[PDB]
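Raw contents of query10.cif, mmCIF, C-alpha atoms and all ligand atoms:
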```
data_data
#
loop_
_atom_site.group_PDB
_atom_site.id
_atom_site.type_symbol
_atom_site.label_atom_id
_atom_site.label_comp_id
_atom_site.auth_asym_id
_atom_site.auth_seq_id
_atom_site.Cartn_x
_atom_site.Cartn_y
_atom_site.Cartn_z
ATOM 1 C CA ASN B 1 139.052 114.207 112.639
ATOM 2 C CA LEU B 2 136.411 116.463 111.104
ATOM 3 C CA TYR B 3 135.864 118.317 114.428
ATOM 4 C CA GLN B 4 139.597 119.131 114.479
ATOM 5 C CA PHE B 5 139.631 120.182 110.844
ATOM 6 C CA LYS B 6 136.768 122.577 111.626
ATOM 7 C CA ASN B 7 138.846 124.092 114.417
ATOM 8 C CA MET B 8 141.831 124.433 112.111
ATOM 9 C CA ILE B 9 139.698 126.451 109.700
ATOM 10 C CA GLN B 10 138.274 128.608 112.536
ATOM 11 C CA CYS B 11 141.829 129.325 113.597
ATOM 12 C CA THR B 12 143.171 130.298 110.152
ATOM 13 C CA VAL B 13 140.010 131.910 108.793
ATOM 14 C CA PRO B 14 138.306 133.510 111.832
ATOM 15 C CA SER B 15 136.672 135.912 109.389
ATOM 16 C CA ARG B 17 134.188 133.259 107.985
ATOM 17 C CA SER B 18 132.030 130.437 109.350
ATOM 18 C CA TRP B 19 133.338 126.960 108.711
ATOM 19 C CA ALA B 20 130.039 126.053 107.024
ATOM 20 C CA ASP B 21 131.035 128.300 104.110
ATOM 21 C CA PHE B 22 133.610 125.705 103.163
ATOM 22 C CA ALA B 23 131.363 122.679 103.637
ATOM 23 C CA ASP B 24 129.506 122.926 100.359
ATOM 24 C CA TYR B 25 131.555 124.839 97.791
ATOM 25 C CA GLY B 26 132.518 124.149 94.209
ATOM 26 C CA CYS B 27 132.954 120.595 93.006
ATOM 27 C CA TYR B 28 135.301 119.406 95.768
ATOM 28 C CA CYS B 29 134.592 121.188 99.063
ATOM 29 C CA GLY B 30 132.237 119.013 101.202
ATOM 30 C CA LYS B 31 130.623 116.052 99.457
ATOM 31 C CA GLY B 32 131.545 116.383 95.806
ATOM 32 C CA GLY B 33 134.705 114.671 94.595
ATOM 33 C CA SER B 34 134.516 115.019 90.770
ATOM 34 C CA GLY B 35 134.897 117.182 87.664
ATOM 35 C CA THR B 36 136.754 120.412 86.999
ATOM 36 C CA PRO B 37 137.612 122.463 90.087
ATOM 37 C CA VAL B 38 135.774 125.729 89.605
ATOM 38 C CA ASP B 39 138.326 128.028 91.238
ATOM 39 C CA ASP B 40 141.384 128.304 93.533
ATOM 40 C CA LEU B 41 139.455 127.505 96.681
ATOM 41 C CA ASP B 42 137.931 124.447 94.971
ATOM 42 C CA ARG B 43 141.451 123.361 93.997
ATOM 43 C CA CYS B 44 142.425 123.557 97.690
ATOM 44 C CA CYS B 45 139.615 121.090 98.373
ATOM 45 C CA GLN B 46 140.519 118.759 95.517
ATOM 46 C CA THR B 47 144.083 118.465 96.890
ATOM 47 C CA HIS B 48 142.586 117.787 100.321
ATOM 48 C CA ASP B 49 140.182 115.151 99.003
ATOM 49 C CA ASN B 50 143.026 113.405 97.153
ATOM 50 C CA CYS B 51 145.199 113.623 100.309
ATOM 51 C CA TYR B 52 142.517 111.740 102.289
ATOM 52 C CA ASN B 53 142.280 109.088 99.602
ATOM 53 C CA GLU B 54 145.997 108.493 100.046
ATOM 54 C CA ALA B 55 145.836 108.379 103.833
ATOM 55 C CA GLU B 56 143.117 105.750 103.518
ATOM 56 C CA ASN B 57 145.725 103.432 102.028
ATOM 57 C CA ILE B 58 147.205 103.151 105.533
ATOM 58 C CA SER B 59 145.910 100.100 107.382
ATOM 59 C CA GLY B 60 143.124 101.176 109.768
ATOM 60 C CA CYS B 61 143.405 104.869 108.837
ATOM 61 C CA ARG B 62 140.070 106.723 108.619
ATOM 62 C CA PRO B 63 140.636 110.440 107.926
ATOM 63 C CA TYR B 64 137.193 111.685 109.011
ATOM 64 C CA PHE B 65 137.476 109.948 112.385
ATOM 65 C CA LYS B 66 141.157 109.698 113.333
ATOM 66 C CA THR B 67 142.060 112.008 116.207
ATOM 67 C CA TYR B 68 145.448 113.626 115.740
ATOM 68 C CA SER B 69 147.590 115.907 117.831
ATOM 69 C CA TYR B 70 147.923 119.561 116.704
ATOM 70 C CA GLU B 71 148.080 123.143 117.963
ATOM 71 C CA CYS B 72 146.677 126.458 116.738
ATOM 72 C CA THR B 73 148.134 129.514 118.517
ATOM 73 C CA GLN B 74 149.447 132.945 117.744
ATOM 74 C CA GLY B 75 148.791 132.668 114.041
ATOM 75 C CA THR B 76 150.561 129.317 113.709
ATOM 76 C CA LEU B 77 149.135 125.860 112.994
ATOM 77 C CA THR B 78 151.240 122.818 113.856
ATOM 78 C CA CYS B 79 150.945 119.070 113.709
ATOM 79 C CA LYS B 80 152.790 117.708 116.740
ATOM 80 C CA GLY B 81 155.457 115.019 116.998
ATOM 81 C CA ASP B 82 153.366 112.434 118.862
ATOM 82 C CA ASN B 83 151.322 111.434 115.809
ATOM 83 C CA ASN B 84 151.540 107.907 114.406
ATOM 84 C CA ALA B 85 151.789 107.488 110.616
ATOM 85 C CA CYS B 86 148.010 107.735 110.092
ATOM 86 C CA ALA B 87 147.564 110.701 112.468
ATOM 87 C CA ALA B 88 150.562 112.542 110.959
ATOM 88 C CA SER B 89 149.320 112.149 107.362
ATOM 89 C CA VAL B 90 145.770 113.222 108.161
ATOM 90 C CA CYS B 91 146.948 116.118 110.300
ATOM 91 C CA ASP B 92 149.129 117.275 107.397
ATOM 92 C CA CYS B 93 146.287 116.994 104.858
ATOM 93 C CA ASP B 94 144.070 119.166 107.125
ATOM 94 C CA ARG B 95 146.812 121.638 107.940
ATOM 95 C CA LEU B 96 147.741 122.212 104.314
ATOM 96 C CA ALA B 97 144.069 122.659 103.345
ATOM 97 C CA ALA B 98 143.452 125.169 106.148
ATOM 98 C CA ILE B 99 146.437 127.250 104.998
ATOM 99 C CA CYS B 100 145.234 126.943 101.409
ATOM 100 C CA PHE B 101 141.757 128.180 102.367
ATOM 101 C CA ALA B 102 143.273 131.245 104.024
ATOM 102 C CA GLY B 103 144.945 132.459 100.840
ATOM 103 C CA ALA B 104 142.135 131.697 98.404
ATOM 104 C CA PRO B 105 139.460 134.127 97.254
ATOM 105 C CA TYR B 106 135.921 133.191 98.247
ATOM 106 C CA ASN B 107 133.323 133.558 95.466
ATOM 107 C CA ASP B 108 129.772 133.457 96.868
ATOM 108 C CA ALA B 109 128.621 132.372 93.420
ATOM 109 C CA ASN B 110 130.407 129.041 93.867
ATOM 110 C CA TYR B 111 128.712 128.122 97.111
ATOM 111 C CA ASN B 112 126.131 125.316 96.934
ATOM 112 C CA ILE B 113 126.368 124.699 93.173
ATOM 113 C CA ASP B 114 124.515 121.920 91.345
ATOM 114 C CA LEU B 115 126.914 118.990 91.544
ATOM 115 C CA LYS B 116 125.007 116.698 89.193
ATOM 116 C CA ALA B 117 124.847 119.275 86.370
ATOM 117 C CA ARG B 118 128.205 120.975 86.789
ATOM 118 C CA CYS B 119 130.720 118.569 88.242
ATOM 119 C CA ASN B 120 130.696 115.965 85.483
ATOM 120 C CA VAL A 1 130.832 111.946 101.365
ATOM 121 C CA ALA A 2 130.315 113.870 104.705
ATOM 122 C CA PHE A 3 131.721 117.543 105.194
ATOM 123 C CA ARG A 4 134.359 120.280 105.560
ATOM 124 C CA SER A 5 135.410 123.404 107.463
HETATM 125 CA CA CA J 201 134.982 116.096 98.661
#
```

Write the structure described by the file as structure tokens, please.
Amino acid sequence: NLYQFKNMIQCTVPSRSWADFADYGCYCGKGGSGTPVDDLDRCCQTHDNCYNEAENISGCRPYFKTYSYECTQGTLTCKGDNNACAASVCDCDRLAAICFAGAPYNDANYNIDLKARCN
Amino acid sequence: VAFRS
């Protein structure tokens, strides 16, 4: 769920607030359209697409499904007791959190005008 | 459309 995804980010990017990723580029946060503006935005596009796929699973709601995972000693893991929906969503989140950690953050791309620039 | 990070 979104609370858990926030914690994943806090565990892989303890250097910045999670809010920095909540409204960035064309894909991070609300936006789900147009040309990804940079590497970090591409991380979010993959994540958005990954949720759309998970939603194909009967009764699977990515924002709300509680999965089982661990974040310790520099390692993020989705545990074995996840059902198909939990496992998929956990993986989407995990991969995005790792992606965020290796992507440059451009303050210029925070809070951009979605209507004008993400067409 | 809700959030991230
Ligand atoms: Ca989005």

Please produce, as a tab-separated table, a per-residue contact table for chain B versus ligand CA 201 (chain J) (criterion: any atom at most 6 Å away, all atoms listed in the file considered), showing the nearest atom pair and its distance in Å to one decimal, sorted by chain then residue number.
```
residue	atom	partner	partner_atom	distance
B:28	CA	J:CA201	CA	4.4
B:29	CA	J:CA201	CA	5.1
B:30	CA	J:CA201	CA	4.7
B:31	CA	J:CA201	CA	4.4
B:32	CA	J:CA201	CA	4.5
B:33	CA	J:CA201	CA	4.3
B:49	CA	J:CA201	CA	5.3
```

Exercise for the section: Step by step, work through what the PyMOL selection byres ((chain B) within 12 of (chain A)) selects in the shown file, and finish by giving those residues as an NGL selection string. Expected result: :B and (1-14 or 17-25 or 28-34 or 42 or 44-46 or 48-49 or 52-53 or 63-65 or 94-95 or 97-99 or 101-102)

Just C-alpha atoms for this one: save the residues we selected as a PDB file, keeping the file's coordinate frame.
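What follows is the written file out_24.pdb:
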```
ATOM      1  CA  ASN B   1     139.052 114.207 112.639  1.00  0.00           C
ATOM      2  CA  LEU B   2     136.411 116.463 111.104  1.00  0.00           C
ATOM      3  CA  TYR B   3     135.864 118.317 114.428  1.00  0.00           C
ATOM      4  CA  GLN B   4     139.597 119.131 114.479  1.00  0.00           C
ATOM      5  CA  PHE B   5     139.631 120.182 110.844  1.00  0.00           C
ATOM      6  CA  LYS B   6     136.768 122.577 111.626  1.00  0.00           C
ATOM      7  CA  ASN B   7     138.846 124.092 114.417  1.00  0.00           C
ATOM      8  CA  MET B   8     141.831 124.433 112.111  1.00  0.00           C
ATOM      9  CA  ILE B   9     139.698 126.451 109.700  1.00  0.00           C
ATOM     10  CA  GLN B  10     138.274 128.608 112.536  1.00  0.00           C
ATOM     11  CA  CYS B  11     141.829 129.325 113.597  1.00  0.00           C
ATOM     12  CA  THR B  12     143.171 130.298 110.152  1.00  0.00           C
ATOM     13  CA  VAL B  13     140.010 131.910 108.793  1.00  0.00           C
ATOM     14  CA  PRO B  14     138.306 133.510 111.832  1.00  0.00           C
ATOM     15  CA  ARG B  17     134.188 133.259 107.985  1.00  0.00           C
ATOM     16  CA  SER B  18     132.030 130.437 109.350  1.00  0.00           C
ATOM     17  CA  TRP B  19     133.338 126.960 108.711  1.00  0.00           C
ATOM     18  CA  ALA B  20     130.039 126.053 107.024  1.00  0.00           C
ATOM     19  CA  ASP B  21     131.035 128.300 104.110  1.00  0.00           C
ATOM     20  CA  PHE B  22     133.610 125.705 103.163  1.00  0.00           C
ATOM     21  CA  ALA B  23     131.363 122.679 103.637  1.00  0.00           C
ATOM     22  CA  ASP B  24     129.506 122.926 100.359  1.00  0.00           C
ATOM     23  CA  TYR B  25     131.555 124.839  97.791  1.00  0.00           C
ATOM     24  CA  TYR B  28     135.301 119.406  95.768  1.00  0.00           C
ATOM     25  CA  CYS B  29     134.592 121.188  99.063  1.00  0.00           C
ATOM     26  CA  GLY B  30     132.237 119.013 101.202  1.00  0.00           C
ATOM     27  CA  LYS B  31     130.623 116.052  99.457  1.00  0.00           C
ATOM     28  CA  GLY B  32     131.545 116.383  95.806  1.00  0.00           C
ATOM     29  CA  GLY B  33     134.705 114.671  94.595  1.00  0.00           C
ATOM     30  CA  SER B  34     134.516 115.019  90.770  1.00  0.00           C
ATOM     31  CA  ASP B  42     137.931 124.447  94.971  1.00  0.00           C
ATOM     32  CA  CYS B  44     142.425 123.557  97.690  1.00  0.00           C
ATOM     33  CA  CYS B  45     139.615 121.090  98.373  1.00  0.00           C
ATOM     34  CA  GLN B  46     140.519 118.759  95.517  1.00  0.00           C
ATOM     35  CA  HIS B  48     142.586 117.787 100.321  1.00  0.00           C
ATOM     36  CA  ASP B  49     140.182 115.151  99.003  1.00  0.00           C
ATOM     37  CA  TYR B  52     142.517 111.740 102.289  1.00  0.00           C
ATOM     38  CA  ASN B  53     142.280 109.088  99.602  1.00  0.00           C
ATOM     39  CA  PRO B  63     140.636 110.440 107.926  1.00  0.00           C
ATOM     40  CA  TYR B  64     137.193 111.685 109.011  1.00  0.00           C
ATOM     41  CA  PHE B  65     137.476 109.948 112.385  1.00  0.00           C
ATOM     42  CA  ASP B  94     144.070 119.166 107.125  1.00  0.00           C
ATOM     43  CA  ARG B  95     146.812 121.638 107.940  1.00  0.00           C
ATOM     44  CA  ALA B  97     144.069 122.659 103.345  1.00  0.00           C
ATOM     45  CA  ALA B  98     143.452 125.169 106.148  1.00  0.00           C
ATOM     46  CA  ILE B  99     146.437 127.250 104.998  1.00  0.00           C
ATOM     47  CA  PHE B 101     141.757 128.180 102.367  1.00  0.00           C
ATOM     48  CA  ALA B 102     143.273 131.245 104.024  1.00  0.00           C
TER      49      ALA B 102
END
```

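For the pair CA of residue 73 (chain B) and CA of residue 89 (chain B), the interatomic distance is 20.7 Å.
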
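Taking all atoms listed in the file, the non-local environment of residue 69 (chain B) within 9 Å (same-chain residues fewer than 3 positions away omitted) comprises residues 78, 79, 80, 81, 82, 83, 87, 88 and 91 of chain B.
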
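In this structure, CA of residue 86 (chain B) sits 10.3 Å away from CA of residue 54 (chain B).
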
Fill in the blank from the handout: One decimal place gives the CA of residue 120 (chain B)-CA of residue 36 (chain B) separation as 7.7 Å
